[PDB]
């Protein structure tokens, strides 16, 4: 009944932050609860992945253990090939004000480059954020779906992608793409993040903040979904949403008196599986959110 002001709520958060950064295995135990909730959701078959488990879709899933929930999967309606199904390993992640703020998805496969672009198109996606390298752990983790300077135009079904510009920056690149489809030409902005903040090194978290701030300089609102992907579309994909989300609350003076990263992630994992893969990412989210709050003083 007696509401407290934003700042004060940040101070409550900051005050705690101190002891928590100490509380033994606090983060470990915290994250261990996330896995638990998932295990219970899978035991009760609460969130079906039937569509993604159909035979014809197996070739469209990069990892067998990462399957999009049915009720929150991005359905592909745009038909261009007598062989275009509706499936795609991706989910809608709700935003601070409503559904479809994000499209957490995997790195497209050679066999899903078409479906990828259908999606981006059908939902007028303006921003695409790639949070990974094409090559990691000695192997390929994402297929080429964008176009690079002086490289003409790659073709996926009826889509034409050419790279008009490519503003390289500190830790990421901004490819200004032009996609053609049935006489229509749209501009998509891809934010390729090759590096990843250093778990315990507070200084290394700044680059990731720069990205979202940059990303948000291109699309302040939530009119259209923001596509965010990694190899699997769970871990790093999940770190970006949460921080952007939290940041969105902070940018509008609406951080719930009882805000917590654990709860924000808990809720996100109900929309997309394995969102925020490990303890390290969990902690990164927490540390990054903390840095933001400190910056509000």
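Residue numbers count along the first chain shown, from 1.
- For the two regions 49-57 and 258-266, the entry's Cα B-factors average higher over 49-57.
- If you average the C-alpha B-factors over 282-290 and over 7-15, the higher value belongs to 7-15.
- Comparing the listed residues 148, 143, 115, 221, the entry records the largest Cα B-factor for 221.
- Between the residues 229, 40, 62, 272, the entry's highest C-alpha temperature factor is the one at 40.
- Residue 181: CA B factor in the highest third of modelled residues in this chain (values from the PDB entry).
- When the CA B factors of the chain's modelled residues are split into thirds, the value for residue 106 lands in the lowest one.
- For residue 195, the recorded CA B-factor ranks within the middle third of the chain. Only modelled residues enter the ranking.
- The deposited CA B-factor of residue 216 belongs to the middle third of values across its chain.
- Looking at the C-alpha B-factors along this chain, the one for residue 35 belongs to the middle third.
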